[PDB]
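For reference, the structure is listed below as structure tokens.
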Amino acid sequence: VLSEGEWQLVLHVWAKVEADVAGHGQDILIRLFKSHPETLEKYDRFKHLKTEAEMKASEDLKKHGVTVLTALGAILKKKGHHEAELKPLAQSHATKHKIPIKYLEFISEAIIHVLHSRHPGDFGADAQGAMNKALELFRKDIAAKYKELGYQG
Ligand code: HEM
């Protein structure tokens, strides 16, 4: 469970993300693909992208990044009270896209990397720790929902 102070640190940096959702989304997905190429090879929609420049130029990838961060932001704003938001996400990701928890760890890493790269003055040790807890809670709760659906991700 996160303290109220921890949630406030999470939402403080998230407001910075929201100043340019598309840009952050692109950077996060590109970082994910670079750091864990196996993730991209799983996304049929995007696996044709060969270079970083191609990734940045893709309107489709940019739109997707906004979809991803919008869903995550909606979850974070509930400060743990996120069952109604998390359930549909677990449903598609367990049964349609088949995304193991390890891949959610990878994207969590990319999120933290990009937030630190862009907002170091608002993303120091304590804020990083809080965001890490928030993403940990997200992954824990989604794993439980995965199992309820019969997926051992
Ligand atoms: C922060 C974690 C994530 C969030 C919030 C998120 C969110 C979303 C949302 C909102 C959608 C569109 C609706 C849906 O199908 O559920 C989506 C689609 C999808 N996600 Fe995720 N996702 C996350 C992580 C991942 C990871 C790590 C992968 C792959 C390694 C992945 C693979 C996919 C795929 C393949 C689609 C379908 C894309 C398409 O063809 O349109 N997701 N995701």
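For the structure tokens, the naming scheme is as follows: chains receive sequential letters (A, B, ...) according to their order of presentation, residues are indexed from 1 within each chain, and ligands are indexed from 1 in presentation order.
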
Sorted by chain and rising residue number, list the residues of chain A at most 7 Å from ligand 1 (counting only C-alpha atoms and all ligand atoms), each with its closest atom pair and distance in Å to one decimal, as a tab-separated table.
residue	atom	partner	partner_atom_place_in_ligand_line	distance
A:39	CA	ligand 1	30 (C)	4.3
A:40	CA	ligand 1	30 (C)	6.6
A:42	CA	ligand 1	30 (C)	6.4
A:43	CA	ligand 1	35 (C)	4.4
A:44	CA	ligand 1	40 (O)	6.5
A:45	CA	ligand 1	40 (O)	4.9
A:67	CA	ligand 1	10 (C)	5.1
A:68	CA	ligand 1	7 (C)	4.0
A:69	CA	ligand 1	5 (C)	6.0
A:71	CA	ligand 1	5 (C)	5.1
A:72	CA	ligand 1	5 (C)	4.3
A:88	CA	ligand 1	16 (O)	6.7
A:89	CA	ligand 1	16 (O)	4.8
A:92	CA	ligand 1	16 (O)	4.7
A:93	CA	ligand 1	16 (O)	6.1
A:97	CA	ligand 1	35 (C)	5.1
A:99	CA	ligand 1	29 (C)	5.7
A:103	CA	ligand 1	27 (C)	4.6
A:104	CA	ligand 1	27 (C)	4.5
A:106	CA	ligand 1	27 (C)	6.6
A:107	CA	ligand 1	27 (C)	5.1
A:108	CA	ligand 1	1 (C)	6.5

Would you mind listing what lies within 10 Å of residue 1 of chain A as a PDB file with N, CA and C atoms, in the first residue's frame, with only C-alpha atoms counted and same-chain residues fewer than 4 positions away left out?
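Okay, result-v1.pdb is ready:
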ATOM      1  N   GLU A   6       3.243   9.303  -0.801  1.00  0.00           N
ATOM      2  CA  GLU A   6       3.787   8.589  -1.943  1.00  0.00           C
ATOM      3  C   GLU A   6       2.918   8.811  -3.179  1.00  0.00           C
ATOM      4  N   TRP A   7       1.606   8.722  -3.007  1.00  0.00           N
ATOM      5  CA  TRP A   7       0.698   8.960  -4.118  1.00  0.00           C
ATOM      6  C   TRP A   7       0.860  10.375  -4.659  1.00  0.00           C
ATOM      7  N   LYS A  79      -5.290   5.941  -7.042  1.00  0.00           N
ATOM      8  CA  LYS A  79      -4.531   5.707  -5.805  1.00  0.00           C
ATOM      9  C   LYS A  79      -4.847   4.344  -5.186  1.00  0.00           C
ATOM     10  N   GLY A  80      -4.803   3.316  -6.028  1.00  0.00           N
ATOM     11  CA  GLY A  80      -4.968   1.943  -5.583  1.00  0.00           C
ATOM     12  C   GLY A  80      -6.391   1.422  -5.718  1.00  0.00           C
ATOM     13  N   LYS A 133       6.754   1.837  -6.361  1.00  0.00           N
ATOM     14  CA  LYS A 133       5.714   1.186  -5.577  1.00  0.00           C
ATOM     15  C   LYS A 133       4.391   1.180  -6.325  1.00  0.00           C
ATOM     16  N   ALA A 134       4.067   2.296  -6.974  1.00  0.00           N
ATOM     17  CA  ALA A 134       2.792   2.391  -7.688  1.00  0.00           C
ATOM     18  C   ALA A 134       2.741   1.396  -8.841  1.00  0.00           C
ATOM     19  N   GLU A 136       4.618  -1.342  -9.038  1.00  0.00           N
ATOM     20  CA  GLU A 136       4.624  -2.648  -8.369  1.00  0.00           C
ATOM     21  C   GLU A 136       3.205  -3.078  -8.004  1.00  0.00           C
ATOM     22  N   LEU A 137       2.425  -2.138  -7.467  1.00  0.00           N
ATOM     23  CA  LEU A 137       1.051  -2.434  -7.072  1.00  0.00           C
ATOM     24  C   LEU A 137       0.223  -2.785  -8.306  1.00  0.00           C
TER      25      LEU A 137
END

Query - Atom-to-atom span, atom CA of residue 85 of chain A and atom CA of residue 120 of chain A, Å - result: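 Computing the Euclidean distance for atom CA of residue 85 of chain A and atom CA of residue 120 of chain A yields 29.0 Å.
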
**Report entry** Shell of 8 Å around residue 149 of chain A, only C-alpha atoms, local chain residues under 6 positions omitted, as an MDAnalysis selection string
**Finding:** chainID A and resid 91 94:95

Output the selection as a tab-separated table (two decimals), in the first residue's frame - N, CA, C and O atoms for each residue.
chain	number	residue	atom	x	y	z
A	91	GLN	N	-8.06	-8.27	-18.85
A	91	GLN	CA	-8.77	-9.10	-19.80
A	91	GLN	C	-8.10	-9.13	-21.18
A	91	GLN	O	-7.81	-10.19	-21.72
A	94	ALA	N	-4.27	-10.50	-20.86
A	94	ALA	CA	-4.15	-11.92	-20.55
A	94	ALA	C	-4.66	-12.77	-21.71
A	94	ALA	O	-4.01	-13.74	-22.10
A	95	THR	N	-5.83	-12.42	-22.23
A	95	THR	CA	-6.52	-13.32	-23.16
A	95	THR	C	-6.33	-12.99	-24.63
A	95	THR	O	-6.48	-13.87	-25.48

**Report entry** Residues of chain A in alpha helix (DSSP H), written as JSON, numbers by chain
**Finding:** {"A": [4, 5, 6, 7, 8, 9, 10, 11, 12, 13, 14, 15, 16, 17, 21, 22, 23, 24, 25, 26, 27, 28, 29, 30, 31, 32, 33, 34, 35, 37, 38, 39, 40, 52, 53, 54, 55, 56, 57, 59, 60, 61, 62, 63, 64, 65, 66, 67, 68, 69, 70, 71, 72, 73, 74, 75, 76, 77, 83, 84, 85, 86, 87, 88, 89, 90, 91, 92, 93, 94, 95, 101, 102, 103, 104, 105, 106, 107, 108, 109, 110, 111, 112, 113, 114, 115, 116, 117, 118, 125, 126, 127, 128, 129, 130, 131, 132, 133, 134, 135, 136, 137, 138, 139, 140, 141, 142, 143, 144, 145, 146, 147, 148]}

Query raised in the report: Could you name the residues that touch residue 29 of chain A at 10 Å or less, counting only C-alpha atoms, but leaving out those on the same chain fewer than 6 positions away, as a ChimeraX atom specification?
Result: /A:35,39-40,55-56,61-62,64-65,68,107,110-111,114

Those same residues, written as a tab-separated table (two decimals), in the first residue's frame with N, CA, C and O atoms?
chain	number	residue	atom	x	y	z
A	35	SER	N	15.54	-1.67	-25.25
A	35	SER	CA	16.03	-2.43	-24.12
A	35	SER	C	15.61	-3.89	-24.15
A	35	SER	O	16.32	-4.75	-23.65
A	39	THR	N	9.97	-7.70	-26.95
A	39	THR	CA	8.66	-7.10	-26.75
A	39	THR	C	8.07	-6.60	-28.07
A	39	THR	O	6.89	-6.81	-28.35
A	40	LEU	N	8.91	-5.96	-28.88
A	40	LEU	CA	8.48	-5.43	-30.17
A	40	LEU	C	8.09	-6.56	-31.12
A	40	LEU	O	7.11	-6.45	-31.86
A	55	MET	N	10.50	4.63	-35.82
A	55	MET	CA	9.60	4.57	-34.68
A	55	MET	C	9.04	5.96	-34.34
A	55	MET	O	7.83	6.11	-34.15
A	56	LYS	N	9.92	6.95	-34.28
A	56	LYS	CA	9.52	8.32	-33.94
A	56	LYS	C	8.58	8.91	-35.00
A	56	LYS	O	7.72	9.72	-34.68
A	61	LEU	N	2.31	4.43	-33.85
A	61	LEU	CA	2.97	4.17	-32.59
A	61	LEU	C	2.72	5.30	-31.61
A	61	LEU	O	2.51	5.07	-30.42
A	62	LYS	N	2.74	6.54	-32.10
A	62	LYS	CA	2.53	7.70	-31.26
A	62	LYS	C	1.12	7.69	-30.67
A	62	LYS	O	0.92	7.95	-29.48
A	64	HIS	N	-0.70	5.04	-30.24
A	64	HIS	CA	-0.76	3.95	-29.28
A	64	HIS	C	-0.15	4.33	-27.93
A	64	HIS	O	-0.69	3.98	-26.88
A	65	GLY	N	0.97	5.03	-27.97
A	65	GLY	CA	1.60	5.49	-26.74
A	65	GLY	C	0.66	6.34	-25.90
A	65	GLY	O	0.66	6.24	-24.66
A	68	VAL	N	-1.83	3.99	-24.25
A	68	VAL	CA	-1.20	3.31	-23.13
A	68	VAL	C	-1.08	4.22	-21.91
A	68	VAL	O	-1.51	3.84	-20.82
A	107	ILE	N	8.27	-2.64	-19.17
A	107	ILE	CA	7.72	-1.32	-19.50
A	107	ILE	C	7.77	-0.41	-18.27
A	107	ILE	O	7.95	0.80	-18.38
A	110	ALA	N	11.07	1.11	-18.34
A	110	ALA	CA	11.15	2.15	-19.36
A	110	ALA	C	10.46	3.42	-18.88
A	110	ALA	O	10.97	4.54	-19.11
A	111	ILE	N	9.32	3.27	-18.21
A	111	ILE	CA	8.62	4.42	-17.67
A	111	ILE	C	9.51	5.18	-16.69
A	111	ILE	O	9.67	6.40	-16.79
A	114	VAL	N	12.41	7.04	-18.59
A	114	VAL	CA	11.99	8.24	-19.30
A	114	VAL	C	11.62	9.37	-18.35
A	114	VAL	O	12.00	10.52	-18.56

Requested in this report: Work out how far atom CA of residue 30 of chain A is from atom CA of residue 57 of chain A, in Å to one decimal.
Outcome: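 Result for atom CA of residue 57 of chain A versus atom CA of residue 30 of chain A: 11.4 Å, one decimal.
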
Report task. Using only C-alpha atoms, pick whichever of A:140, A:121, A:83, A:150 has the shortest atom-to-atom distance to residue 98 of chain A. Result ->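 So, comparing all the options, the nearest one is A:150.
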
Query raised in the report: Near residue 10 of chain A, counting only C-alpha atoms, which residues have an atom at most 10 Å away, once you skip same-chain residues fewer than 2 positions from it, shown as an MDAnalysis selection string?
Result: chainID A and resid 4:8 12:15 76:77 79 122:123 126:135

Can you write just those residues out, N, CA and C atoms, as a PDB file, in the first residue's frame?
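And here is the file that came out, result_32.pdb:
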ATOM      1  N   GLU A   4      -0.240   8.388   1.489  1.00  0.00           N
ATOM      2  CA  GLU A   4      -0.768   9.532   0.757  1.00  0.00           C
ATOM      3  C   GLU A   4       0.364  10.380   0.181  1.00  0.00           C
ATOM      4  N   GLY A   5       1.453  10.503   0.925  1.00  0.00           N
ATOM      5  CA  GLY A   5       2.598  11.255   0.457  1.00  0.00           C
ATOM      6  C   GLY A   5       3.215  10.629  -0.777  1.00  0.00           C
ATOM      7  N   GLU A   6       3.243   9.303  -0.801  1.00  0.00           N
ATOM      8  CA  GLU A   6       3.787   8.589  -1.943  1.00  0.00           C
ATOM      9  C   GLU A   6       2.918   8.811  -3.179  1.00  0.00           C
ATOM     10  N   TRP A   7       1.606   8.722  -3.007  1.00  0.00           N
ATOM     11  CA  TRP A   7       0.698   8.960  -4.118  1.00  0.00           C
ATOM     12  C   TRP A   7       0.860  10.375  -4.659  1.00  0.00           C
ATOM     13  N   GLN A   8       1.075  11.340  -3.772  1.00  0.00           N
ATOM     14  CA  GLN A   8       1.222  12.719  -4.212  1.00  0.00           C
ATOM     15  C   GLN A   8       2.482  12.907  -5.047  1.00  0.00           C
ATOM     16  N   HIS A  12       2.373  14.075  -8.819  1.00  0.00           N
ATOM     17  CA  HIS A  12       3.136  15.275  -9.135  1.00  0.00           C
ATOM     18  C   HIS A  12       3.952  15.075 -10.412  1.00  0.00           C
ATOM     19  N   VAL A  13       4.663  13.961 -10.511  1.00  0.00           N
ATOM     20  CA  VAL A  13       5.425  13.746 -11.732  1.00  0.00           C
ATOM     21  C   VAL A  13       4.486  13.383 -12.880  1.00  0.00           C
ATOM     22  N   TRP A  14       3.362  12.737 -12.581  1.00  0.00           N
ATOM     23  CA  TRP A  14       2.450  12.402 -13.668  1.00  0.00           C
ATOM     24  C   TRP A  14       1.881  13.638 -14.356  1.00  0.00           C
ATOM     25  N   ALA A  15       1.659  14.703 -13.593  1.00  0.00           N
ATOM     26  CA  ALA A  15       1.177  15.954 -14.189  1.00  0.00           C
ATOM     27  C   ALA A  15       2.188  16.483 -15.206  1.00  0.00           C
ATOM     28  N   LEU A  76      -3.391   5.239 -12.085  1.00  0.00           N
ATOM     29  CA  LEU A  76      -2.611   5.887 -11.027  1.00  0.00           C
ATOM     30  C   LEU A  76      -3.453   6.884 -10.234  1.00  0.00           C
ATOM     31  N   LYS A  77      -4.332   7.609 -10.926  1.00  0.00           N
ATOM     32  CA  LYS A  77      -5.133   8.626 -10.259  1.00  0.00           C
ATOM     33  C   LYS A  77      -6.128   8.056  -9.243  1.00  0.00           C
ATOM     34  N   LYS A  79      -5.290   5.941  -7.042  1.00  0.00           N
ATOM     35  CA  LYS A  79      -4.531   5.707  -5.805  1.00  0.00           C
ATOM     36  C   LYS A  79      -4.847   4.344  -5.186  1.00  0.00           C
ATOM     37  N   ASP A 122      12.151  16.678 -10.565  1.00  0.00           N
ATOM     38  CA  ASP A 122      10.883  16.282  -9.970  1.00  0.00           C
ATOM     39  C   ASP A 122      10.801  14.768  -9.871  1.00  0.00           C
ATOM     40  N   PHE A 123      11.942  14.091 -10.000  1.00  0.00           N
ATOM     41  CA  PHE A 123      11.954  12.635  -9.980  1.00  0.00           C
ATOM     42  C   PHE A 123      13.219  12.120  -9.330  1.00  0.00           C
ATOM     43  N   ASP A 126      13.161   9.716  -3.733  1.00  0.00           N
ATOM     44  CA  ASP A 126      11.887   9.467  -3.080  1.00  0.00           C
ATOM     45  C   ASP A 126      10.727   9.365  -4.078  1.00  0.00           C
ATOM     46  N   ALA A 127      10.728  10.214  -5.097  1.00  0.00           N
ATOM     47  CA  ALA A 127       9.701  10.133  -6.135  1.00  0.00           C
ATOM     48  C   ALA A 127       9.833   8.855  -6.966  1.00  0.00           C
ATOM     49  N   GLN A 128      11.069   8.485  -7.310  1.00  0.00           N
ATOM     50  CA  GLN A 128      11.309   7.209  -7.989  1.00  0.00           C
ATOM     51  C   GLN A 128      10.807   6.026  -7.166  1.00  0.00           C
ATOM     52  N   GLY A 129      11.088   6.043  -5.864  1.00  0.00           N
ATOM     53  CA  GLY A 129      10.633   4.977  -4.984  1.00  0.00           C
ATOM     54  C   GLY A 129       9.113   4.881  -4.977  1.00  0.00           C
ATOM     55  N   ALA A 130       8.451   6.032  -4.937  1.00  0.00           N
ATOM     56  CA  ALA A 130       6.988   6.066  -4.939  1.00  0.00           C
ATOM     57  C   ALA A 130       6.414   5.523  -6.250  1.00  0.00           C
ATOM     58  N   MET A 131       6.949   5.979  -7.382  1.00  0.00           N
ATOM     59  CA  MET A 131       6.485   5.483  -8.677  1.00  0.00           C
ATOM     60  C   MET A 131       6.753   3.996  -8.802  1.00  0.00           C
ATOM     61  N   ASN A 132       7.911   3.560  -8.322  1.00  0.00           N
ATOM     62  CA  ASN A 132       8.193   2.130  -8.308  1.00  0.00           C
ATOM     63  C   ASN A 132       7.160   1.323  -7.518  1.00  0.00           C
ATOM     64  N   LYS A 133       6.754   1.837  -6.361  1.00  0.00           N
ATOM     65  CA  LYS A 133       5.714   1.186  -5.577  1.00  0.00           C
ATOM     66  C   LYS A 133       4.391   1.180  -6.325  1.00  0.00           C
ATOM     67  N   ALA A 134       4.067   2.296  -6.974  1.00  0.00           N
ATOM     68  CA  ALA A 134       2.792   2.391  -7.688  1.00  0.00           C
ATOM     69  C   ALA A 134       2.741   1.396  -8.841  1.00  0.00           C
ATOM     70  N   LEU A 135       3.855   1.256  -9.553  1.00  0.00           N
ATOM     71  CA  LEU A 135       3.893   0.310 -10.672  1.00  0.00           C
ATOM     72  C   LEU A 135       3.951  -1.134 -10.171  1.00  0.00           C
TER      73      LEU A 135
END

**Report entry** Point-to-point distance in Å for atom CA of residue 63 of chain A and atom CA of residue 23 of chain A
**Finding:**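 Between atom CA of residue 23 of chain A and atom CA of residue 63 of chain A the gap works out to 10.2 Å.
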